[PDB]
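First, one chain by itself in structure tokens, the form deposited in one PDB entry.
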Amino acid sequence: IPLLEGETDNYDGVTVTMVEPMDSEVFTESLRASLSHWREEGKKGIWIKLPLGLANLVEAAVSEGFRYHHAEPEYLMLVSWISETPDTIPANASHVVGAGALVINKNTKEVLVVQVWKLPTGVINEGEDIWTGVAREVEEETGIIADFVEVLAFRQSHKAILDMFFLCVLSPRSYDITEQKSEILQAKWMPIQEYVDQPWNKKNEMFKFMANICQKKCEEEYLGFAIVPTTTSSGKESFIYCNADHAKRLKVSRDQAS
């Protein structure tokens, strides 16, 4: 009876990417055989990637002692330690990234707010850059276009019942908000002092600190992190967010001699 196709690594593990439908009775028996031939071989650490359409398989896997590792929509990652060596299966090291947009009209010291008023926030997609992501959210929410300047602050949060947050400052290229930009979304330009003094004022130390940081950048006294564009070991893009002045110094220093 046939084994499962497994792809190996130099951590002694194996990841089975389940791609085509299969009867559950067949899967458990084909898995039980595979578990036997993996304990004889390099034994420890087996991963089953189970896509949403193959949800008819998760019980079969779990019944065989697999547990959950992490999930995206359209795939579930399951894992098992099949060695008698101490279970050292690494926990998930992926995080959900969100971004907060501070869009400053530097001319009027005013900021773009949304539905009581808040900064436009969203999440950074898989494969998306923070600087790209934060701008898209502004455009999706208010219709206005704005370029990314700096990252003012970031934070983490949990107990997570339902994450990483980057506060970014954006520079607007347009000022007209469109009606109606989104369903149950509403927007206006607000003076910075009104935003800081808003009904939360002293609600908690965290919102108050983030607001004060927003204000210091509105007064042009806050040095955040700016981007230095670069490339990885492959041809692929990369961006270093570092001290704004050093970011300039590094970016400027890229020019041509006599």
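For clarity, a rigid core is taken as the largest C-alpha set superposing within 1.5 Å between two forms. Shifts are known only where both forms have a C-alpha. Position 1 is the first residue in the sequence shown; the rest follow in order.
Novice: Looking at the deposited sequence, how many residues between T108 and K109 were given no coordinates in the entry: none, 1 to 3, 4 to 9, or 10 or more?
Specialist: In the deposited sequence, nothing is left without coordinates between these two.
Novice: Residues without coordinates, deposited sequence, stretch from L162 to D163: is the count none, 1 to 3, 4 to 9, or 10 or more?
Specialist: Gap size class: 4 to 9 residues without coordinates, per the record.
Novice: Mean CA temperature factor from the deposited coordinates, higher in 47 to 55 or in 193 to 201?
Specialist: Here the higher of the two C-alpha B-factor means belongs to 193 to 201.
Novice: What stretch has the higher average Cα B-factor here, 21 to 29 or 5 to 13?
Specialist: Mean CA B-factor is higher for 5 to 13.
Novice: Which one of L152, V103, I124, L185 shows the biggest C-alpha B-factor in the PDB entry?
Specialist: By C-alpha B-factor in the record, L185 ranks first.
Novice: Taking the values straight from the PDB record, which of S94, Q156, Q115, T132 has the highest C-alpha temperature factor?
Specialist: That would be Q115.
Novice: Quick check on the deposited entry: does the C-alpha B-factor of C214 sit in the lowest, middle or highest third of its chain?
Specialist: As the PDB entry reports it, the C-alpha B-factor of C214 lands in the middle third of its chain.
Novice: Can you tell me whether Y68 has a C-alpha B-factor in the lowest, middle or highest third compared with the other modelled residues of the same chain?
Specialist: Its C-alpha B-factor belongs to the lowest third of this chain's values.
Novice: Could you say whether, by C-alpha temperature factor, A60 belongs to the lowest, middle or highest third of its chain?
Specialist: Its C-alpha B-factor, which the entry lists for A60, ranks in the lowest third among residues of this chain.
Novice: Going by the entry, which third of its chain does the Cα temperature factor of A99 land in?
Specialist: Tercile = lowest for this residue's CA B-factor.
Novice: Looking at the temperature factor on the CA atom of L35, which third of the chain's modelled residues does it land in?
Specialist: Tercile = middle for this residue's CA B-factor.
Another form exists, deposited in another entry; not displayed. Remarks below refer to it.
Novice: Core fitted between this form and the one not shown: which of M210, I227, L57, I192 shows a C-alpha shift of 2 angstroms or more?
Specialist: Shifted by 2 Å or more: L57 only.
Novice: Core-aligned, is the CA shift for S83 between this form and the one not shown 2 angstroms or more?
Specialist: After core superposition, the C-alpha of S83 moves 2 Å or more between this form and the one not shown.
Novice: Once the core is aligned, does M22 move its Cα by at least 2 Å between this form and the one not shown?
Specialist: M22 C-alpha, core-superposed: shift of 2 Å or more.
Novice: Using a rigid core alignment, state whether the CA of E72 is displaced by 2 Å or more between this form and the one not shown.
Specialist: Comparing forms between this form and the one not shown, the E72 CA shifts at least 2 Å.
Novice: Relative to what we see here, could you say if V97 and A55 have their Cα atoms closer or farther apart in the other entry, with a change of 3 Å or more?
Specialist: The answer is farther, because the C-alphas of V97 and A55 separate from each other in the other entry by 3 Å or more.
Novice: Do the C-alpha atoms of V123 and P51 sit closer or farther apart in the other entry than they do here, given a shift of 3 Å or more?
Specialist: Farther apart in the other entry, by 3 Å or more.
Novice: Return the sequence-ordered list of stretches, each of 3 or more consecutive shared residues, in which all C-alpha shifts are 2 angstroms or more between this form and the one not shown following rigid core superposition.
Specialist: These are the shifted runs between this form and the one not shown: 1 to 94, 159 to 162, 231 to 237.
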